[PDB]
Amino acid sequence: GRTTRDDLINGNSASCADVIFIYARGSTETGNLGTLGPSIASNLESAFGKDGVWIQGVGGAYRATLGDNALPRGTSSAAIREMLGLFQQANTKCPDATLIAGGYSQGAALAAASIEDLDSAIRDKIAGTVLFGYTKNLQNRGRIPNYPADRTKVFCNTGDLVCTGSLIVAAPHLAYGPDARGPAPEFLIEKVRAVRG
C-alpha cells in the first residue's frame, strides 16, 4: 500500500533484515515506490515476514522527471548517484543482507545503470532484479550490463513501445500490475532462497 518506504534509511542498524529490496519508480510517480512498488513490497512481506525484509524506494535526488528518459542511459546522473548510494548504504549498514532490486520505466533504466556502475563485490549481493517496461530493453538487448541474465527478469508487454526503442507510452505500459503482484516477487524470492537457503 504505502507509496513511500525508507526501511533501509530508517532501520535500526543492529536490527538489519536478512533481505533488502531497493526499488525505483516510474516517471512522475508518487512517493518513492509509485504504482508497482507497493504491490511487490506487500508480497515480499507475505513471504519473508515484515521483519524479514526491508523495503527501500529510491527517493532523494531521484525526481523521476519525464524528460530525463531522453538522457543517454534513460535517467540522470544525479538519480544514478542516489541509487548507487542506496546499494552502498545497504551493503555498509547490513553486510550480511541479500539485496534484491527493481524498477519500472525510467526506474528500470535507473536500476540497470546503477547496477552496471556498482562495485562488483556489492553487485554480487544482488540476488535478483526485476524490470518492468524497461526503456532500454532494445538498446541493451534485454540485459543489465555487468549483471547475469539468470538474475534478471524483464517484464516487457507486447505493444509497450518503450521496450522496442521508443519513448511513447501506450496502454500495455500501464499493465504491469499483475506481474508486480505475482511473477515478479516470486522470482525475487526464488533468487534470494537459492543463495540464503
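Numbers for residues come from their place in the sequence shown, where the first is 1.
- Item | 102 to 110 versus 85 to 93 - greater average Cα B-factor per the deposited record | It is 85 to 93 that shows the higher mean C-alpha B-factor.
- Item | Stretch with the greater mean C-alpha B-factor as recorded in the entry, comparing 149 to 157 against 63 to 71 | On average, C-alpha B-factors are higher across 63 to 71.
- Top Cα B factor in the deposited entry, candidates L33, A170, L131, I55: Among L33, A170, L131, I55, the PDB entry lists the largest C-alpha B-factor for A170.
- Residue, from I9, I22, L174, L188, that the PDB entry assigns the highest Cα B-factor: Answer, based on the entry's C-alpha B-factors: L174.
- Message: Lowest, middle or highest third: which one holds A17 when the chain's residues are ordered by CA B-factor from the entry?
- Response: As the PDB entry reports it, the C-alpha B-factor of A17 lands in the highest third of its chain.
- Message: Ranking every modelled residue in this chain by its Cα temperature factor as given in the entry, which third contains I126?
- Response: Tercile = lowest for this residue's CA B-factor.
- Message: Looking at the temperature factor on the CA atom of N140, which third of the chain's modelled residues does it land in?
- Response: Middle third - that is where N140 ends up once the chain's C-alpha B-factors are sorted.
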